[PDB]
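Here is the structure we will look at, set down as structure tokens.
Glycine gets a Cβ as well: all are built from the backbone with ideal geometry, and neighbour counts include every protein chain shown. Every read-out reported here was derived from the displayed coordinates using simple, explicitly stated rules and does not represent laboratory data.
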Amino acid sequence: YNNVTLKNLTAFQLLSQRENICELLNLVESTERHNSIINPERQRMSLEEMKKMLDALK
Amino acid sequence: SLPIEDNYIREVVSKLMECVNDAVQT
Amino acid sequence: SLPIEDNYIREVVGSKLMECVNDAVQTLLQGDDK
Amino acid sequence: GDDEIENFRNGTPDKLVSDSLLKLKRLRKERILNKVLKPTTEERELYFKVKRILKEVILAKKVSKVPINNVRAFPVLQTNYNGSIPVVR
Amino acid sequence: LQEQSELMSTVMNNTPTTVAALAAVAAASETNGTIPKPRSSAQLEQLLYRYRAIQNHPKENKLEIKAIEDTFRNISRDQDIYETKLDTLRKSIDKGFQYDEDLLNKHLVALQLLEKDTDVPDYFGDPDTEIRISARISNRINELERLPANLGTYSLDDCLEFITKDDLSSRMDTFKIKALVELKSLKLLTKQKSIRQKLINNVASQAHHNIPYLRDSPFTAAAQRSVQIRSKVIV
């Protein structure tokens, strides 16, 4: 798995190219890959860390 | 129990609408 | 091209979604209105 | 003997034949997948029991075709003989 | 120790009264593990007939006569039972069924293929399963290599040729050629395997200069272009 092949590159490009067309028709959900990376409680926890760094640096 | 000819043994022997309903809208 | 052991092989050992998507896209590339 | 064909002759004759040939095919798969060569005493006994039934309808019903397909040959032994010119050493 | 073959050996050696298998408990019962109810149509029954017909002369040295006669009683009883059941079975037939033709076809073809050990289609790696294939081919080789060499046909079309006492008909060898094409094709198997290896490992070994849709892809052309880069000359 350390190396890549022509089959691996072609499969990766075909998979990533069919995932992009299925968002126009909305026949795939992809809410998990969205919200596991947004994660708004993690976002406000990080903003609280930035606010605490503003408090500690002033 | 008589054998038969070889050339007689060789002689006897919802995914549609899921795109259309999304192609009519958008 | 001789089947020699083909009979013993047959003795011992007895998609649509993206094609519809491609038809949908080929219909999207006909009229400007979509 | 028969022991079952009397009971099943009162109705249709043909269901037991297919239900026995499927058992022959399954037992033949189970003999291929076991490295055994001689057939068992359970399907040999079950073989003739098939061949009896297909006989009796031909004895009784006289079905309208009973098709004929033969290779129109059969193997026979033929005479052999040595050559008559003697050997040279 | 195959007593049902020992009787055959004593019959085919033409000396069965001179030994008579030494019927005591030590010899006639050591091979039996009554007698085991012979399997063949008549090939193991005519031997019992001749064995009783030879053992009518001593009549007291052989104690095993009674179990053989009990099996004769069993055979006669089973035969009488079958004759009564065949008398009733021909009386138990319905007056009208009209058996279908295109299923009689399938039952005849299926029975014929299941007689002579060939695979029947339905219409109703891993060296475990590599040896189970390579042990069915040795079956067919050591079954074809026991046919007699003086094998010949007699078709139903020699009547149009009027063969005399010595005329040498021209369709006598339509089975012995066919019984050598199989026997020599099942020995030239690991020669066509070695030719198929040299075929596939020289057609698939290029795979990017003959096939058009592979030598026109971006990545294959880029790899073949990038392997040909000559090294940079310093100064």
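Below are the figures for this structure:
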{"item": "Qualifying residue in the stretch D:58-65 (condition: basic (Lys, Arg), part of a loop (DSSP other than H, G, I, E, B) and more than 8 Å from every other protein chain (Cβ to nearest Cβ))", "result": "yes"}
{"item": "Residue satisfying all of: in the stretch E:202-227; over 49 Å from the mean Cα position of the chain (by Cα) and small (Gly, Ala, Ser); farthest from the other protein chains (Cβ to nearest Cβ) among these", "result": "E:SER226"}
{"item": "Top-ranked residue of chain C - restricted to ones that are of a type in the set (A, V, I, L, M) and over 27 Å from E:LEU188 (Cβ atoms), ranked as surrounded by the fewest Cβ atoms within 10 Å (Cβ to Cβ)", "result": "C:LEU29"}
{"item": "Of all residues making up the stretch E:170-190, the number that are under 19 Å from D:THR79 (Cβ atoms), under 19 Å from the mean Cα position of the chain (by Cα) and basic (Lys, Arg)", "result": "1"}
{"item": "Count of the stretch E:130-149 residues which are surrounded by 12 or more Cβ atoms within 10 Å (Cβ to Cβ) and either more than 11 Å from chain D (Cβ to nearest Cβ) or among the polar types (S, T, N, Q) (or both)", "result": "6"}
{"item": "Verdict on D:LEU37 being part of a helix (DSSP H, G or I) and either of a type outside the set (S, T, N, Q) or exposed (fewer than 15 other Cβ atoms within 10 Å of the Cβ) (or both)", "result": "no"}
{"item": "Residue match in the stretch E:72-87 (condition: over 34 Å from the mean Cα position of the chain (by Cα), aliphatic (A, V, I, L, M) and surrounded by 14 or more Cβ atoms within 10 Å (Cβ to Cβ))", "result": "no"}
{"item": "Hits in chain B - residues which are outside any loop (DSSP other than H, G, I, E, B) and more than 14 Å from chain A (Cβ to nearest Cβ)", "result": "B:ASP6, B:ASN7, B:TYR8, B:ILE9, B:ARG10, B:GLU11, B:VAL12"}
{"item": "Extreme residue, farthest from the other protein chains (Cβ to nearest Cβ), among residues of the stretch E:42-71 that are among the basic types (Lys, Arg) and surrounded by 12 or more Cβ atoms within 10 Å (Cβ to Cβ)", "result": "E:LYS62"}
{"item": "Among (1) among the charged types (D, E, K, R); (2) more than 30 Å from E:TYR154 (Cα to Cα); (3) touching a strand residue (DSSP E or B) at 6+ places or on another chain (Cβ under 9 Å), the one test that E:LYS176 misses", "result": "(2)"}
{"item": "Candidate set from the stretch E:150-164 (those that are more than 20 Å from E:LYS116 (Cβ to Cβ) and hydrophobic (A, V, I, L, M, F, W, C)); member that is surrounded by the fewest Cβ atoms within 10 Å (Cβ to Cβ)", "result": "E:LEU160"}
{"item": "Any pair with Cβ under 9 angstrom, 6 or more apart, that starts in the stretch A:1-29 at a residue that is surrounded by 14 or more Cβ atoms within 10 Å (Cβ to Cβ) and ends at one that is of a type in the set (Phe, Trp, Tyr)", "result": "A:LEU6/E:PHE219; A:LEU9/E:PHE219; A:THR10/E:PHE219"}
{"item": "Residues satisfying the stated conditions in the stretch E:130-153, i.e. assigned to a loop (DSSP other than H, G, I, E, B) and over 20 Å from D:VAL36 (Cβ atoms)", "result": "E:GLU145, E:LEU147, E:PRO148, E:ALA149, E:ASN150, E:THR153"}
{"item": "Within the stretch E:110-129, tally of residues that are within 12 Å of chain C (Cβ to nearest Cβ) and either surrounded by 11 or more Cβ atoms within 10 Å (Cβ to Cβ) or not in a loop (DSSP other than H, G, I, E, B) (or both)", "result": "8"}
{"item": "Residues located in the stretch E:99-109, provided they are more than 8 Å from chain D (Cβ to nearest Cβ) and either over 16 Å from D:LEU16 (Cα atoms) or among the polar types (S, T, N, Q) (or both)", "result": "E:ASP102, E:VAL109"}
{"item": "Matching option when the condition is acidic (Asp, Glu) and either more than 8 Å from every other protein chain (Cβ to nearest Cβ) or surrounded by 14 or more Cβ atoms within 10 Å (Cβ to Cβ) (or both), among D:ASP3, D:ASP19", "result": "D:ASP19"}
